[PDB]
Structure formats: C-alpha cells, structure tokens
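Given next are the chains, with one letter for each unit.
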Amino acid sequence: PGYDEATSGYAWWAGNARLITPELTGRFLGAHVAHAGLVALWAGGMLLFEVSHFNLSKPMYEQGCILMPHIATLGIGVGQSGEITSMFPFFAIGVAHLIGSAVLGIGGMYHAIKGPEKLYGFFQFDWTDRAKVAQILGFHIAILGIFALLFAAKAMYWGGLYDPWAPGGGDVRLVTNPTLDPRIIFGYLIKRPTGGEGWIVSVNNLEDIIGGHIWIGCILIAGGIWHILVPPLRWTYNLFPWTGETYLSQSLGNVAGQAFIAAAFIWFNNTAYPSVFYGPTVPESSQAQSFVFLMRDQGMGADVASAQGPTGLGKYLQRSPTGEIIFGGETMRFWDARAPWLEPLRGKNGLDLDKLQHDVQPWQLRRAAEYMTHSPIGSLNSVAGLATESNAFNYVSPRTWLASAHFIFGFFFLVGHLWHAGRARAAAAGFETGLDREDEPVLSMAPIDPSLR
Amino acid sequence: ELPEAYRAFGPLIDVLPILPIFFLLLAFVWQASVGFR
Amino acid sequence: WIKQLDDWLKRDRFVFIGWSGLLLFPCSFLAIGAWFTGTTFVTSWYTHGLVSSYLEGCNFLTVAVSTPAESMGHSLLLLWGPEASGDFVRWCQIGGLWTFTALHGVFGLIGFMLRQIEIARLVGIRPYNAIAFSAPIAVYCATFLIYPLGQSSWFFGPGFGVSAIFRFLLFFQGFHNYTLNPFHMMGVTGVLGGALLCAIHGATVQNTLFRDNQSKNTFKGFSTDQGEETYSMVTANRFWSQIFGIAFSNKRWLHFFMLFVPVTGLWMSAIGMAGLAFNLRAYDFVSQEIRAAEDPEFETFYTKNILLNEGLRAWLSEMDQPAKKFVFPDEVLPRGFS
Amino acid sequence: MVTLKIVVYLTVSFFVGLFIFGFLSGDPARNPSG
Amino acid sequence: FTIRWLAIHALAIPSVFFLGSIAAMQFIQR
Amino acid sequence: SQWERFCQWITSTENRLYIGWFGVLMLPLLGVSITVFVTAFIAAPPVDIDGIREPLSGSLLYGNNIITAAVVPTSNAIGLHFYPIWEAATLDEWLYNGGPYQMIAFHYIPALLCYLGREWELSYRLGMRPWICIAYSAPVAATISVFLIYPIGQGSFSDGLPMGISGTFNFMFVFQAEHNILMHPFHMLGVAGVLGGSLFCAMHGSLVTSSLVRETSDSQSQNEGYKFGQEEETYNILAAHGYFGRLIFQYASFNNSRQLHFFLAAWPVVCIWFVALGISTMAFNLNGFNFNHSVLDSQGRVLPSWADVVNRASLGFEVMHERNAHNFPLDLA
Amino acid sequence: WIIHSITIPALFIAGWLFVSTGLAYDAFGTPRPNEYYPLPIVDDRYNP
Amino acid sequence: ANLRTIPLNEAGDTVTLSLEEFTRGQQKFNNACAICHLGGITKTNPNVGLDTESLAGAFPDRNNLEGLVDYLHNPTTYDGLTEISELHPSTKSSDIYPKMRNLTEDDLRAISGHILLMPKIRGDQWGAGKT
Ligand code: HEM
Ligand SMILES: CC1=C(/C=C/C(C)=C/C=C/C(C)=C/C=C/C=C(C)/C=C/C=C(C)/C=C/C2=C(C)CCCC2(C)C)C(C)(C)CCC1
Ligand SMILES: CC1=C(/C=C/C(C)=C/C=C/C(C)=C/C=C/C=C(C)/C=C/C=C(C)/C=C/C2=C(C)CCCC2(C)C)C(C)(C)CCC1
Ligand SMILES: [Cl-]
Ligand SMILES: [Cl-]
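Reading the values: rules and limits
Residues numbered from 1 in each chain as written, not as in the entry; some residues may be left out. Chains lettered and ligands numbered in written order. Part of a larger assembly, values for the part shown. Heavy atoms only, no water. Residues with missing side-chain atoms left out of burial classes, pairs and counts. Helix = DSSP H or I, 4+ residues; strand = E, 2+ residues; numbered from the N terminus. Rg over C-alpha atoms; globule rule 2.2 N^0.38 Å. Contact = heavy atoms within 4.5 Å. Donors = N, O, S within 2.8 Å, 3.2 Å for Na, K, Ca; no water. Tetrahedral: all angles 85-135°; square planar, octahedral: opposite > 155°, others 65-115°. Buried < 20%, exposed > 50% of the residue type's maximum accessible area, 1.4 Å probe, protein only. Nonpolar A, V, L, I, M, F, W, Y, C, P; charged D, E, K, R; others polar. Expected span 1.5 Å × (residues − 1). Buried area = accessible area lost by both parts, 1.4 Å probe. Salt bridge = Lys/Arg side-chain N within 4 Å of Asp/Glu carboxyl O. Polar contact = N/O pair within 3.5 Å; in protein donor to acceptor, adjacent residues only side chain to side chain. UniProt positions renumbered as here; feature names shortened; annotations may be inferred. Near = heavy atom within 4 Å. Areas by Shrake-Rupley, 256 points an atom, 1.4 Å probe, with all protein chains shown as cover. Core = buried A, V, L, I, M, F, W, Y, C linked by side-chain atoms within 4.5 Å. 1 Å grid on protein atoms, 1.4 Å probe; cavity = no way out; pocket = protein on both sides within 12 Å on 5 of 7 lines; lining within 4 Å. Points joined across faces, edges and corners; volume = space filled by probe spheres on them. Patch = residues over 30% accessible without salt bridge, like charges linked within 9 Å, V, L, I, M, F, W, Y side chains within 5 Å.

The record names cryo-EM as the way this model was obtained, at a resolution of 2.6 Å.

Structure (structure tokens):
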C-alpha cells in the first residue's frame, strides 16, 4: 500500500502527507476524528485540572486558569460580580468533554486502524472533485452557522452571559435586545485597527456581540446552503490549484490571522473577556493605578486639577491630544481604556471633576485597588512585580499567557500557510521536487542585462 | 478543589492534561518500532 | 624507534590523536573538567561575595567558575604557588580554578588549531578551517586574557558561567559603552551577516535543487560519489539577481565570502576588546557631551544612553567589586525620579 | 489636507486594485511548466 | 586497558560521580 | 489586450528587477518608506517622544551624528493611534509628534511582507522550490516584533525600535531593564542561532574553500577555477568530509549535501523565529527567567548569585530610562 | 551488565555519598548553609 | 535564635517563635499579602512600609505581634482616626477581601510574627528594599 516512504514518496517525518492521496481517505477521516478527540481530551482534562486546584479565596485569574474564565463568561457557575456559585458546572463540562473525547477517540481509531481505507458512496471525495469538496465546505459552514445561532439563542434565551457592564459590578443577564442594525454591526468591520478605534476588539456590550453573532449565524447558514447547492463557478477555476495542500494552506492563513485577532481580543477587550475572570488588561490596570493614586490624594487635601508633573503636564489628570480629561503620567497612552468600574467617572469631556471628587461609589475604588496590583507582568517561572524586582510573588496573568501563546500560534501558522501555499503551487505546477536537469527554465529565458541582446 | 464525591482520582487529574503531550511522543515511539520504514 | 610513535599517532581510529593531541587532549580535558568541578562545587563567596555552584543552590544559568579575587592581581595562581602554598582548598577559594581553566583553555585552543592544521596536512586539503578558527582564538585571547591583563586584575575578566557572561555584557555597556564601539559594530555586522549568509545560502541551495530522484523527499537526491552539482547555480543567480539586484555567480567566491564575513567580524570585535583593555573607549562623542551641557534642551538617544550608563555604573559597582568597598548613599545614586 | 487624504485614498486604492485584479488574471498559469 | 577504554572512561568515570553528586544536591536542605 | 500586456509585463521574468503583483505593492511602499526615512533622518525637527514636551533631537541636521541620528518614535501622547499626515492640524505638529516614524513604519512593514511574497513570486516564475521566503520570514518576524508587536503589547509606538543606531542601543538597554531578555530562553536560542550560524557559515565556507579542486595556477585567484554554469562539482565533498570526520569523529560529518544545506538554513532561521517570538511574548510582559533571592542560607539571608548581579545592573538601567515621565513608582507596560 | 553490574552503582553512590556525608564542603572549602553569615572577600595575595 | 524573639505587646514581653511556625507565617505572607506588600513597603501607598521604624512610629505603636493582629482585626490609619476596613483587607470584612476568610487566629499570629522577625536578619534589605 502507501504506508512507507518508497510507495508514497514521503519520509517518516512527513508521513501524514501520505494521507494526502485521494485513495487514502478513510485514514484522513481517522486522523481527523482522533485529533478532535485529543482536542476534547485536553478540553476536559485541563478544565478538571483547573477545578482540582481551585482555591476559592483567590478570585479566578490568580489561579492561572484559562478555561474556568471561558465558562464563567458564559454565565455558567458564576453569578453577581463573578462569584463562583458552584464548582459542579465546571466539573460537568470537564467530564462532558472527556466523554466526547472518548467517543471521538474511538472514531479516530476506527477509521485509522480498522475502518475502510477508501471512502465511498456519498463520502468519497477527491481533492480535484471541486463540487464535492465545496459541498463538504458547505456542510461545515452550515453546521458552524447553526452553532453560532445556537450560542446567540442561549445568550438570548437560556441562562445568559456575564455582562461586565451590567449596573454595578456586573451580573449574568440574558441579552433580550441584540443590535440587529447592519449599520452598527458591519460598521465594526470598517473601524481602523489603530488605537482609539481598535477594529473589532472594541466591541463593548453584549447586544453588539450577540447581534453580530445572529448576523454571522444567518450568513453562514446562507453560505453553507450556497455551497451545497452551487458548485464552484467558472471564474474560480484558474485562481489557484484545486489540490488538498492548497485547501490546507488557505485554512492555515485564515486561522493564523484568526489567532492574531484572538490575541488582540484577549489583550485589549474586557467585555467578551471580563476582567473579573481574566484579570485587568494592561490599559485598565494602568488607569487603575492612576485612579488609586488619585483617591489617595483626596482626603489629604491635594487638589488634583492644579497639580503639575515634572514637565508642566498634569500630575494626575491632564488633557488628551484630542483634548479630553485623561489620567496623567505615562498612562496617557491608555486613555482609550474603558473599564466598567470607571465609566461612572466618565462625563462628557472624559473624567469630569464633578463625579470624580464626590463620586467614587465604594467598590469602584476596591476593584481598581485590585487591578492596580494585579497587572499583566511576569516571567516564565511565574513571578510578578516588574522584572528587576525581588522574587516573592508567584504570578503571571492569564491574558499574558493567552496573548503570548496565540501570537506564537499565529506566527507559526502564518509560516505554515506560506509553506503550504508555496508547496501547493509548486506541486501542481510540476516542479516541487527540484529543477529538471533535462530542461531548466532559466536556461530557456532571455538575459535580464540590458546590454545583452 | 474538585467535588468530594469524586475526590478519589487525585494524581489522575494531574495526569490528564499532559495526556495529549504523550501522543506525539508515542508517534515517534511507533515510528522507531517500525524502524521509520 | 621515533618513527614508530609518529606512525602510531597518525593511525585511523575512532578519534584521531596526532601530535597536536598531546597539547590538546591533556589541556582541554582539564579545562572542561575544571569547569564542571568549579560550577558544581566551589564558591565565589571569598572572591566575589556570591554563590556560583550547584552545591550553593545555583542552577546551570547561575553557576560559574568566577574570576579570581581582586587582590590576587595578575597572579597565575598556580596550585604550588605562594597564594595557595600547595593547599587545594585555599587555591579554590581564591579563584585559582579560573586561572587553571583559562590557561588550559587557551592551550586547548592552540592544540585544536594545531589539530586542524595537522589533519589538513594528513588528508591533503588546504588549511582554511584553521584560518577560520583563528577568529575564536583572537576573541578568546582578547576577552579572557588581554582585557584582564590591561585591567587591574583577573577579577575583571569574564567568569566561566552563563550569568557571569551576562554581568560581563552589562558591565561592558555601563562602564565601557561597548555598543558605541565601532569595532564591536563591525563585529555585530560580521556575525549577523554570517548568520544571514548561512541561512540564505542553505535555503537557496535547498530551493534550487535538481530533480535527481523520484520521491518527494529530496534528501535522497544526492550521492556522495557523484561529481555533479546538486543545485542549479544558474537559477539561483537568476533569482537573486531579479530579487536583490545582485547574486553570486562564482560558487568558490560564495563559499570564500561565507568564510570571510564572520571571521573578519569576529576579528574586528577582538580589536575592540584589545582597545578596551587599556580603557581606550569609544565612550562619548565630545561634540554632543559639550552641546548637551551648554544646552539643557539638546536630547539625543546618545545622551539617554550616557545617562543609562551612569545609572548602571553607580547601581552595580558596590556589589560588583566588593574588594573596593564602594559606599554610595541612597541619595547620590542616580535615580530617574520614580 | 482633505485633498491629500483623497490622493492617498485613491493611490492606495489603485495599487491594491492592481494587486488584486492582477492575481485574478490566471496567475497559476504564469509558471514555466504550462 | 586500551585507547578505546580510556577515551570513554576518563570522560565518564567522573561524569557518573558528578551526576550522583548533583542528584544528591536535589535533596539538600539549606 | 492592454491589460494582458500589463499582466505580462508585471509578471515578466525579463525585467532587470522582477516586479510581480507583490512588487506592484512593494515598490510604492518602499518609495514612501525610503523617501520619508531619508527625509526624516536628515531634516526632521525634534520629536516629543514621551509626550512630556521634551523634544528629542534625532536628525542629522539638528546637531546630530550618523551613529546618534534616528527617526524618533511617535509620541507617547499618541500611543497606538493612527496619526497620518492629514489628521494632524499642520505639518509642524505632525513633525513634532513623531508622525514620520509612523509613516515609515506603516509603509516598511507591508513592504517587507510584499518582499517576502515577491520572493515566492519569482521562485514560482522560475520553476524553483518555493521556500526562500520561509528563510526570509525570520528577519521579517524579528523586525515586526520590534516595530509593531512590542508597541502594540506595551501600548505605544514610542516603545518601538528607534530608527537609528544609538536609538537601537537604547531600545536594547531599556528592554533588558524592563524584561531581562538575557535571561529569556528564546533569546539564548537567538544568540545560539546567530553565533552558531556564524560558526556554521565560517565552517561550511572554510570546508568548501579548503577542499577545492585544482584548476588554476598560484598566481591567479582560486575563484577562476569555477565557471558560471559548469556542471561538474567545484570542490571535493569526500575530502572535506574526511577532514571534518577526522577532526571530531566518524558519524558527525554530513556526508550528504542536501541535508547539509537544509541544516544551514534551519539553524539560524528557526532560532531567529524563536527570538522574534521572545520579543513578542515580552510584548505581553512575559519576561525572562527570574532567579533573584533564590539561594537562601540557613537563617533566610539572600546569598547573592550572578543573576542577582545582573538584576543589580538591570536596576541600574531601570531607574534612569524616561526619567521625567514616571509619576508613579510602577512603570507598567 | 556483568562487569558493570555494581561498577555503575558503586561510582554513582560514591558521588552521592561524597555530597551527602559533607565531604564536598570540606573538599573544596565550600561554605555550609550556615557558614555564610556567622562577608569575607580575601583582601591579600600571599596569605588568603 | 534571638531572631525568633519579637515584641509581643506594648507592655513589653519578647515572645519567641518556632522556626516552623515562622516559616508557615512566611508562606501565608506570600499568598494573601505579597499582592502589594512584597518587599517591605505598600504598593497602594509608598509611605506605609512594614519596617521596624515605621511600625514603632505608628499610632498606636503597631510594632508588636498583638498590635499587628489587632490591626488585622481593624484597619485604621497611621494615627487611627477612621477605621477604614474597606480600603484594606480585614479579618472581619471577608466580603471585600476573601483572602483571610480561611485564616484562623494562628495564621494571623504567624503572619504578624514573621513581619517582625526579619528586620534583624535583613536590615536594609527589607525596610525599603536595597535601594
Ligand atoms: C494578609 C495580608 C496583609 C497584611 C498582614 C497587611 C498588613 C498591613 C499593615 C500592618 C499595614 C499598616 C502598616 C503601616 O502603615 O505602618 C498595612 C498598610 C497598607 N496595606 Fe497591607 N496588608 C495585607 C494585605 C494588603 C494588600 C493585599 C494590599 C493591596 C492592595 C495592601 C495595601 C496596603 C496599603 C495601601 C496600606 C497603607 C494604607 C494606610 O496607610 O492605611 N495590604 N498593611
Ligand atoms: C460576530 C461578532 C461581530 C460580527 C462580525 C462580522 C459581522 C463579520 C464578518 C465578516 C466577513 C463577512 C468577512 C470576511 C472575510 C474575507 C475573507 C476571509 C477573504 C478573502 C480572500 C482572499 C484571501 C482571497 C485571496 C485570493 C486572492 C486575492 C488572490 C487570488 C486567489 C484568491 C482568490 C485566493 C462583531 C465584531 C460585529 C461583534 C462581536 C462578534
Ligand atoms: C508606475 C507604477 C509602478 C511604480 C510605482 C512606483 C515606483 C511607486 C512609487 C512611489 C513613490 C516614490 C512614492 C513616494 C513618496 C513619498 C512621500 C509621501 C514623501 C514624503 C514626505 C514627507 C512627509 C517629508 C516630511 C518632512 C520630514 C520628515 C523632515 C523634514 C520636514 C518635512 C516636512 C519635509 C509599478 C511598476 C509598481 C506598477 C504600478 C504602476
Ligand atoms: Cl504613569
Ligand atoms: Cl532612556
């Protein structure tokens, strides 16, 4: 068969490339179902690991958890101000994942050890059979859309999501009125990716989040039905080779960009990633420092707005390049941060002095007292306090870990996409194994030097 | 901490996250067993 | 009689000995060995006021065979010498293992260059590898020998450990402003270009290969015995001419360039260290130290490097050299107004 | 600077349109083999 | 007692000793 | 068709410099980058780098040096805001706030992405294997980590790499003070990669040079023994192999050359990937190893180690950078 | 696995017991965990 | 030895601490208090350090083990005007700060005894840091 190097062309270290060939489709399916099982295996076991070492005293983000916050964001297990009501829902999801891993592992072992080596009936696909591969694409788009709509329905009907912007603190609440405006939802796509706008990372309420999910669920149902019913058109014939490595390369490039986007979401956004669960963003932690050094100087009689720094700028409060009242110091770079413990200090011009001096509603100090001294700063062996500081504190933020890991994943997958894009083009062309000695293309080209005729 | 009713696994729950990091190792193990044929 | 031993040493075994192996294997085995003895067991408490062994509690990053005590001067610190009087422990507490390791290492490096020459002579190839190895020896002699000889003692040499080298790097910036040293800038250029050349030549060869096999694994498209080029130099010249504007056309010149670039970079950095032995430093630009002092508004990145150097100097030196007993009160230490 | 913003918008538009429509000109057929 | 028996032991008769020492250092209470 | 003539001319392998569709994007991006950089490196006025009305004089006509000139990074007052030529009031606050840096950077980063794509383009038009762009992706990752990813992670384009020699040195020192990159394992890999790539470059060059086939006389260059396009191998792989094997041991010297040049590609490329990634995770403040206060005596006193001495020098750098700009004791990102 | 059955053990245990019995601290003059602060940089050459 | 012996109260009675008890208190210093008291000072306010000269000069004198435990029972100012148990973690106020909800009287005693049985070990290495 095609399981060694000699009858496949692929060495041991490039051996899953032996599943490229379209007669080995049962093994392609087996490798995939077993990999999906491994993904669910980690999803179960790592969550159970987080639960088994969870101390209820420390909130959630000091524990070094990354799957606990994802569940808590969905309004499961937690209630008011993100307090863990019960440790049983996290355990239930951690075991439901294990059972799914078991079932998917059995399927992956079946189609790789015992099931039919070549698929048939309505499951036989060839990579060059473009109507069939688009039809499989369409089923995947339709199933993805019905998951996105089901998530939106759950956010709207059953239970709810954690709203960090809910009145006071932020409780779980079900989104009754999602933003169905095409002007608003697709206006996120035209916002500049730069500071101030933050292209889609600045989605900052649950109506916009769930309305965009309703839209994309419908859009994906539509595109899935389109690909089941309409084969690839004539204009998409010579755009790129229709091989399997091409399809992989395109997936790789899109998901590399998607990992970069998720790194931005975990690092800047505090709506879909509530800081009760993931800890404060660096912008929000750095405004929390200024807010607590502000409230120190209230009470000991230091009028803030007439206070100069080393440079004549505002010692605690100054004006933006736009001219809005922002926190002074180096934290003037994060004047675009919008944390919900600070929005009731926001007026018309930014931080007005009216509901700043005889404001802060007690918890708003406490919360910002918490986020001041839990900043995303740390090391590989888990320590905090700048970097040139004494090691006593054993802590590195979840947001640091997730953003670092997904920039890493985005970078390797952009590299892997470039690898498979070049290789797919070269393999379809017929020169991915080297130059033909019999005829070399540069030998049949005219010279580039202008003097040479 | 995990629920007391199912607080018998102990080190099992420690093992399960690094269970998938052993599958990539056992891939190299199987390839050595066949001899990287 | 004497010819028999020559015929012995030139034999074909698992490890070639040669005549150079008398000046290489007894020294290198000692130098390498004295590092492992040092970084496992001996302390720098009496030379440096720090812990630098696995027995202390350090790890691989923070173990060292630290430099001798600053009061030892430029003494060789022989075991039978007056500073140890034959006593092994008193020789290890004063940093005699650093001098053992450094002297056995420079002799090992001489022995290895002699080995490269001897094996080239035996096989019959040109001795270009020994020429290229003259650049690590120029750097070793500049950093570990010429620099501490020009300084006060062996103490200011680089310690034989990872973090000791990191201290050496930051010491050289703060006290020497070594990034500003142009010979070091050519060293950096040579080393970065050597890495660029290594990467670009490997990838160019790998992507201009000929179809000399049938399998997708192109690593089996080359035999040792074949006398033909495995990659198209013509296609590579075409590609780099139309990408970069220039390309190599001469394979021999290409591989001489790959020799020439990191070796000359490394030699130029050794010249810079030879200058830093006598404190002859590219520390400052006199025009800008002047202008920034007649104008309290003239800020360049250079003036912010000079300030950072002063900050490093005052905030390191009281525990860097503890023989000097530098006492700096907290209010003469340059802070940047925390 | 509104006119300069327009010039930049059109210049970026023109160059990216050249890129995009040039990669819908049957670019994989621009190989030496075929 | 040959050349093969010395160039594999002068590097390794000490090395196992060193490794045993360093493995004992993981159990030192300081 | 005029358009088909255009697509033939762009994708033409007849041009002295290949253009292609990545090059039709690359050439204007370089035009802007080169124009604004040569303009700003010579004649830009001082830039308010840290947003505190302390202009930093970075250009060659403002009393400044080739070593010490820099296109100074964009003001900390701007942060990550899009600040083009037209969103500023005038052409003098834009110069004052560091707009030239952002313009050069925002054309330089896509120009390098397009140069990588152009390398793939020409590999495809010449029928050679397509992965020189993969090798080039390592310095590109490195230069995007210090021009885009670290400013994004830290929150301002003032934390970007200054476009100058001494500005680069300043970036290195401040980065060590704030992140301890020397004790970052990705940076130890990057150092191993650059120093070992130099080792392997010198090593491979000396071996191929040392085992050259005699074709020439002694009073002419050995490079005349090679003829461009000759099919015969110009050196002896067997002789260089035998020398290297006698130098260390038997199963050490690459017999194969395709594997050998894959290793020459792979070692510095992979290590520069890792060190670009290290800059990028320190962009999210995931700093290097920390061994301060790690070796304690019987009572509990900290015995200094060499990492403590490196900390003490990093603290030296730490309390002097951006002096008139930290109003609180905690310099966050 | 015959002539080295105990040879590898005896040597490994020798290194282990060299550290564990405290002979290493006396062998190299290494300060024990409480000899650090009962700090002595040696200030003279011929008599440390 | 004598490092274990610390001031207990303001009456004057040097109470000795077990080494294991001191270590147990030291650990709990680095889990609920090193968030912002790591090193010897307070991150929220860089003037109220956990040093001997500061705690003896506190009003009331809080350089005592019972004094520190009673502080943890009631957060006040450095002169003791307003008992602001809300800006600070507090043994009574577990709702604002859940870090000491599991800490017993022995835990408070040990963490308060470890703060006052470093300063003659370190000196100028805990007070405000080694510069
Ligand atoms: C069990 C944990 C803690 C203990 C034992 C503790 C102990 C103390 C003590 C004894 C004081 C008064 C010292 C003085 O001012 O002289 C104090 C003050 C202070 N503590 Fe802590 N603390 C703990 C937790 C924290 C934490 C987690 C924070 C982080 C927000 C914090 C912030 C402060 C601040 C800002 C002050 C000065 C307030 C004032 O002047 O009243 N404390 N702490
Ligand atoms: C949910 C959500 C949301 C929403 C979102 C949305 C609504 C979206 C969308 C979106 C879309 C709707 C998209 C898209 C895309 C696109 C793509 C992905 C593309 C492409 C393409 C390509 C890449 C192509 C390429 C090419 C070329 C150009 C060359 C030739 C060949 C080809 C064709 C291949 C929001 C944020 C609001 C809120 C929150 C959440
Ligand atoms: C035709 C065509 C082409 C070409 C293109 C090109 C060639 C381009 C370009 C371009 C360019 C070539 C551009 C440019 C530019 C520029 C600019 C945009 C400028 C600027 C500036 C500024 C802004 C300055 C400023 C300043 C400073 C910084 C200092 C002093 C003061 C002042 C103010 C003067 C091709 C073939 C591709 C194809 C398509 C078509
Ligand atoms: Cl600040
Ligand atoms: Cl600075």
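Having seen the model, we can carry on.
A. Up close: the overall build of chain H. Counting its regular elements, chain H contains four helices and two strands. What you see in chain H, going N to C, is helices and strands ordered as β-β-α-α-α-α. Computed over the C-alpha atoms, the radius of gyration of chain H is 14 Å, within 12% of the 14 Å expected from 2.2 N^0.38 for a compact globule of 131 residues. Over its C-alpha atoms, taken along the principal directions, chain H stretches across nearly 40 × 30 × 30 Å. Here the analysis covers contacts within chain H between residues at least 6 apart in sequence; of these, 45% occur between residues at least 24 apart.

B. Region of the structure containing the coordination of the iron atom of ligand 1. Residue and element names in this part refer to chain H. Within the protein, the atoms that donate to the iron atom of ligand 1 are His37 (NE2) and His88 (NE2), at distances of 2.1 to 2.7 Å. The site at the iron atom of ligand 1 holds six donor atoms, and with the angles between them running 74 to 165 degrees, its shape is irregular. With a gap of 51 residues between them, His37 in the loop between α1 (19-32) and α2 (52-56) and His88 in the loop between α3 (65-73) and α4 (105-115) connect regions that are remote in the sequence. According to the relative accessible area criterion, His37 is buried, its value standing at 16%. Judged by relative accessible area, which is 24%, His88 ranks as partly exposed.

C. Up close: the interface of chain F and chain H. With seven residues of chain F at the interface, the matching set in chain H holds seven residues. Considered class by class, the residues forming the side of chain F that touches chain H number four nonpolar, one polar and two charged.

D. Seen up close, helix α2 (residues 21-41) of chain C. The terminal C-alpha atoms of α2 of chain C lie 29 Å apart, and with 21 residues this matches the ideal 30 Å at 1.5 Å per residue to within 8%. Every buried residue of α2 of chain C is listed here: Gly21, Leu24, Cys27, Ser28, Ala31, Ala34, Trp35, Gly38, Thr39, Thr40 and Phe41 of chain C.

E. Seen up close, the interface of chain C and chain F. If you look at the interface, chain C gives 117 residues, while chain F gives 120 residues. Across the chain C to chain F interface the summed buried area is about 10700 Å²; carbon plus sulfur atoms make up 66%. Among the residues of chain C in contact with chain F, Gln242, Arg252 and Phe301 of chain C are the three that bury the most area, contributing 9% of the side total. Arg323 of chain F is the salt-bridge partner of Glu299 of chain C, the closest N and O atoms lying 3.3 Å from each other. Between the two partners, chain C and chain F, sit 51 residue pairs in polar contact. Of all the elements, helix α7 (residues 182-207) of chain C adds the most residues to the side of chain C that touches chain F, at 15 residues. The class makeup of the residues in the side of chain C that touches chain F is 60 nonpolar, 39 polar and 18 charged.

F. A look at the UniProt feature "binding site: heme b" (unreviewed entry) in chain H. Residue and element names in this part refer to chain H. The positions UniProt marks with the feature "binding site: heme b" (unreviewed entry) are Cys33, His37, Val48 and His88. These annotated residues cover 56 residues of sequence, and their C-alpha atoms all fall within 14.1 Å of one another, placing them together at a single site. Once you skip the residues sitting within four places of it in the chain, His88 turns out to touch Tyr71 and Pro75.

G. Up close: the site of ligand 2. Neighbouring ligand 2 are 14 residues; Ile185, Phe186, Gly212 and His213 of chain A together with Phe23 of chain D lie closest to it. Looking at what sits near ligand 2, you find residues from chains A and D. For ligand 2, whose accessible area on its own is 960 Å², the fraction buried by protein is 53%. Looking at the shell around ligand 2 element by element, the count peaks at five residues for helix α6 (residues 206-229) of chain A. A per-class count over the shell around ligand 2 returns ten nonpolar, three polar and one charged.

H. Broad picture of the nonpolar core. If you look at the biggest cluster of nonpolar residues, it comprises 153 residues, and the most contacted ones within it are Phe90, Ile210, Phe291 and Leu294 of chain A. Not counting residues within four places of it along the chain, the set of residues in contact with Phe291 of chain A comprises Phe327, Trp341, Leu345, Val360, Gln364, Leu365 and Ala368 of chain A.

I. Representation of the UniProt feature "binding site: heme b" (unreviewed entry) in chain G in the model. According to UniProt, the "binding site: heme b" (unreviewed entry) feature falls on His4 of chain G. By secondary structure assignment, the location of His4 of chain G is in the segment before α1 (7-20).

J. Layout of the side chain of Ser75 of chain F. Residue and element names in this part refer to chain F. Its place among the elements puts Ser75 in the loop between β1 (70-71) and α3 (93-96). By relative accessible area, which is 0% here, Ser75 ends up buried. Only 3.2 Å separates the side chain of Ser75 from the backbone oxygen of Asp48, close enough to count as a polar contact. A polar side-chain atom of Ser75 sits 3.0 Å from the main-chain amide nitrogen of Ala77. Not counting residues within four places of it along the chain, the set of residues in contact with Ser75 comprises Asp48, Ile49, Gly51, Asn97, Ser156 and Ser158.

K. Representation of the pattern of salt bridges. Summed over all chains, the structure comprises 31 salt bridges over all chains. Two residues, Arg333 of chain A and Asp159 of chain F, come together in a salt bridge whose shortest N-O distance is 2.6 Å. You can see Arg333 of chain A sitting in the loop between β4 (325-327) and α10 (354-357) and its partner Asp159 of chain F sitting in the loop between α5 (132-154) and β2 (163-164), one on each of two chains. Neither residue differs from the other here; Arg333 of chain A and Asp159 of chain F are each classed as buried. Taken together, the salt bridges that share partners define one network made up of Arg425 of chain A, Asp27 and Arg30 of chain D together with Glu121 and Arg125 of chain F.

L. Local environment of helix α4 (residues 130-156) of chain A. All names here are of chain A. For α4, built from 27 residues, the straight-helix expectation of 39 Å at 1.5 Å per residue is met to within 8% by its first-to-last C-alpha distance of 38 Å. Taken together, the buried positions of α4 are occupied by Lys132, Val133, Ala134, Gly138, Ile141, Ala142, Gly145, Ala148, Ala152, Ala155 and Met156. Each element contacted by the buried residues of α4 is listed here: β1 (161-162), α6 and α7 (244-268).

M. Structural detail: empty space enclosed by the protein. Considered as a void within the structure, the largest cavity measures approximately 230 Å³ in volume. Lining the largest cavity are 21 residues, with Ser158, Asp159, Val174, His321 and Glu322 of chain F sitting closest to its centre. Counting residues per element, the lining of the largest cavity draws most heavily on helix α6 (residues 165-179) of chain F, which supplies five residues. Across the lining of the largest cavity, the residue classes break down as eight nonpolar, five polar and eight charged. The computed volume of the second largest cavity comes to approximately 140 Å³. As for the second largest cavity, its lining consists of 16 residues, and the residues nearest its centre are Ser286, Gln289, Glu330 and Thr331 of chain A together with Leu330 of chain F.

N. Representation of unusual backbone geometry in the model. Residue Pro60 of chain H is bonded to the preceding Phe59 of chain H through a cis peptide linkage, with omega at 5 degrees. Structurally, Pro60 of chain H can be placed in the loop between α2 and α3. Non-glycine residue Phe337 of chain C carries a positive phi angle of around 60 degrees. Mapped onto the secondary structure, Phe337 of chain C falls in the segment after α12 (317-320).

O. View of the site of ligand 3. The environment of ligand 3 is made up of 17 residues, and the closest members are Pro28, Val36, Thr39, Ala43 and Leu95 of chain F. In this structure ligand 3 sits where residues from chains D and F come together. The fraction of the free accessible surface of ligand 3 (970 Å²) that becomes covered by protein chains is 60%. If one sorts the elements of the shell around ligand 3 by residue count, helix α2 (residues 20-43) of chain F sits on top with ten residues. Taken together, the residues that form the shell around ligand 3 break down as 14 nonpolar, three polar and no charged.

P. Quick peek at the side chain of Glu299 of chain C. The residue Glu299 of chain C is located in the loop between α10 (286-294) and α11 (303-314) in this model. We classify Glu299 of chain C as buried; its relative accessible area is 9%. A distance of 3.3 Å separates polar atoms of two side chains, one belonging to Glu299 of chain C and the other to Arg323 of chain F. Apart from residues lying up to four places away in sequence, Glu299 of chain C is in contact with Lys304 of chain C together with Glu54, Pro55, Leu56, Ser57 and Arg323 of chain F.

Q. Here's a closer look at a nonpolar patch on the surface. Where nonpolar side chains cluster on the molecular surface, the patch consists of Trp12 and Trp13 of chain A together with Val15, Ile18, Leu19, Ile21, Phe22, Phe23, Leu24, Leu25, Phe28 and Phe36 of chain B and spans about 1100 Å² of accessible area. A per-element tally of the nonpolar patch places helix α2 (residues 21-34) of chain B first, with six residues. Along the chain, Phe22 of chain B turns up in helix α2. We classify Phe22 of chain B as partly exposed; its relative accessible area is 43%.

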